Structures are given as C-alpha cells and as structure tokens.
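Below is one structure; the comments refer to it alone.
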Amino acid sequence: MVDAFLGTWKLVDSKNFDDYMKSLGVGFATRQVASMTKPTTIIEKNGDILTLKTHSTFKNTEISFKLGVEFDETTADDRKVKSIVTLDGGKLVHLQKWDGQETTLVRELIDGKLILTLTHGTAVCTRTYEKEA
Ligand SMILES: CC/C=C\C/C=C\C/C=C\CCCCCCCC(=O)O
Ligand SMILES: N[C@@H]1[C@@H](O)[C@H](O)[C@@H](COP(=O)(O)O)O[C@@H]1O
Numbered sequence: 000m001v002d003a004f005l006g007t008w009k010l011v012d013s014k015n016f017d018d019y020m021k022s023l024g025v026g027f028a029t030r031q032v033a034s035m036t037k038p039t040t041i042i043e044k045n046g047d048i049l050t051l052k053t054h055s056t057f058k059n060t061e062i063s064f065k066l067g068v069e070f071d072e073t074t075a076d077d078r079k080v081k082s083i084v085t086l087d088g089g090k091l092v093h094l095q096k097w098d099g100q101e102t103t104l105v106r107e108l109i110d111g112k113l114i115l116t117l118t119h120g121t122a123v124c125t126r127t128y129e130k131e132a
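Counting in the deposited numbering, the sequence shown runs from 0 upward without gaps.
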C-alpha cells in the first residue's frame, strides 16, 4: 500500500523550513546551510521493511522500519526519538516522540509530486519533492 512512494525524489520547493528547524532548537548556522540544501530522498521496500535514505551535501540519514512498529531513531539534528510510521488516508505518517514532545513528518502524493509536511509546535513546513527516473 506504500508502492507509489517508492523511488528517488529530489527537493524542488520548501516553505517554512526555517520555522520548523527553529522550533526544534536547531542553531542558526545549521539552519542557514539547511535553507540552501536540496536533499535527495530514496524510499525502498523489501518485504515489510521500508528503508528511507535522505542524502545531501550537508547531512545524511537512513532509517529502516516496519509500518506500525515502533523504532528508535537519531535524527539529522541529533534528537534521539521513538518513531512509528504508518499509512493513514493514503499518507505516509511518521510520528517522532521524545521528552514529551512530538513532531510529524507526513508524506502524500499530489499530482505525482511528494509533499512532505513537517509539524512541530505551531510550525508547519511544506516541502515538495519531484521524482527521479
Ligand atoms: C538529512 C537532511 C538533509 C539536510 C537538512 C540539514 C539539516 C536539517 C536540520 C534539521 C533536521 C530536521 C529534521 C529532518 C528534516 C528532513 C527534511 C527533509 O527530508 O526534507
Ligand atoms: N547514527 C547517527 C545518526 O543517528 C545521526 O542522525 C547522524 C547525524 O546526521 P549526519 O550523519 O549527517 O551527521 O549521525 C549518525 O549517523
């Protein structure tokens, strides 16, 4: 049910990422570089296991998980969180919990583009990714 998300995607638009990073306590110098970075995200499956790679000239991450099963994660900004990824309304919903805080990373396909919505506190960031062949 995750198959249309699979593949290699590149960032082509970003709105409010600085607000999102600042809400998470990311320092100004990291926000500055991040605001000019265009990651490539690779989403692959093997059976029930998804692997999500985020690559860039700055930070790089990789997670593997089963939908609906909690996993430990250490984020690009070094938060140690408890995570779960599920499908909800056709959207891939990633919830991170740490210190009583929460953030969601929600991916949906709209007109063939992958729209990533990042919410923490009041901050709502929308990042648009485009396929790669
Ligand atoms: C690996 C991500 C690459 C570049 C971004 C660099 C620093 C971002 C700063 C804080 C990380 C916040 C949590 C992760 C955001 C991922 C956004 C995305 O996948 O587009
Ligand atoms: N295992 C950790 C990750 O949990 C953390 O996310 C990352 C920070 O980002 P970067 O690797 O780009 O420094 O360092 C390691 O790879």
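Backbone N, C-alpha and C define an ideal beta-carbon position, used for all residues, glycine too.
Handout entry: Rounded straight-line distance, which links the Cα of residue 59 to that of residue 53
Key = Residue 53 sits at position 54 when you count from the first residue of the sequence shown. Residue 59 sits at position 60 when you count from the first residue of the sequence shown. Computed Cα separation, rounded: 6 Å.
Exercise for the section: Taking all protein chains shown into account, decide if residue 27 is buried (16 or more other Cβ within 10 angstroms of its Cβ) or exposed. Expected result: Residue mapping note: residue 27 aligns to position 28 of the sequence shown, counting from 1. By the 10 Å Cβ count, residue 27 comes out exposed.
Practice task
Compare the beta carbon distance of residue 66 and residue 86 with 8 Å and say whether it is the shorter of the two.
Solution key: Position 67 of the sequence shown, counted from the first residue, corresponds to residue 66. Position 87 of the sequence shown, counted from the first residue, corresponds to residue 86. Yes. Within cutoff.
Practice task
Please confirm whether residue 93 and residue 22 have their CB atoms less than 8 Å apart.
Solution key: Here residue 93 refers to the residue found at position 94 of the sequence shown. Here residue 22 refers to the residue found at position 23 of the sequence shown. Contact: no.
Practice task
Mind checking who residue 101 pairs with in its DSSP beta bridge?
Solution key: Here residue 101 corresponds to residue number 102 of the sequence shown, with the count starting at 1. For residue 101, which the question treats as bridged, DSSP gives the partners 96.
Problem - N-terminal and C-terminal residue of the beta strand (DSSP E) that residue 63 is part of - result: Translated into the one-based positions of the sequence shown, residue 63 becomes position 64. Looking at the DSSP string, the run of the beta strand (DSSP E) that includes residue 63 is 60 to 65.
Handout entry: Any residue whose CB is nearer than 6 Å to a heavy atom belonging to ligand 2, listed in chain order
Key = 58, 59, 60, 73, 74, 75 and 77
Exercise for the section: Using 7 Å as the cut-off, classify the Cβ of residue 33 as near or not near the heavy atoms of ligand 1, replying yes or no. Expected result: Translated into the one-based positions of the sequence shown, residue 33 becomes position 34. Flag set: Cβ of residue 33 near ligand 1.
Practice task
Give me whichever residues DSSP pairs with residue 71 in a beta bridge.
Solution key: The sequence position of residue 71 within the sequence shown is 72, counting from 1. Per DSSP, 81.
Problem - Contact check, residue 6 vs residue 129, beta carbons under 8 Å - result: On the sequence shown, residue 6 is found 7 positions in, with the first residue counted as 1. On the sequence shown, residue 129 is found 130 positions in, with the first residue counted as 1. Contact: no.
Handout entry: Neighbourhood of residue 30 by C-beta distance below 7 Å, restricted to the same chain and skipping five residues each side
Key = Here residue 30 refers to the residue found at position 31 when the sequence shown is read from its first residue. If we look at residue 30 and ignore the five residues flanking it on each side, its Cβ neighbours are 17, 20 and 21.
Problem - residue 126: CB within 7 Å of a non-hydrogen atom of ligand 1 - result: Looking up residue 126 in the sequence shown gives position 127. Here the distance from the Cβ of residue 126 to the nearest heavy atom of ligand 1 is below 7 Å.
Practice task
Reducing DSSP to helix, strand and coil, say where residue 37 ends up.
Solution key: Along the sequence shown, one-based indexing puts residue 37 at 38. In the structure shown, residue 37 sits in coil (DSSP, three-state: anything other than H, G, I, E or B).
Practice task
Take the Cβ of residue 82 as the centre, count every other Cβ of all protein chains shown within 10 Å, and call the residue buried at 16 or more, exposed below.
Solution key: Here residue 82 refers to the residue found at position 83 when the sequence shown is read from its first residue. The residue is buried, with at least 16 neighbouring Cβ atoms inside 10 Å.
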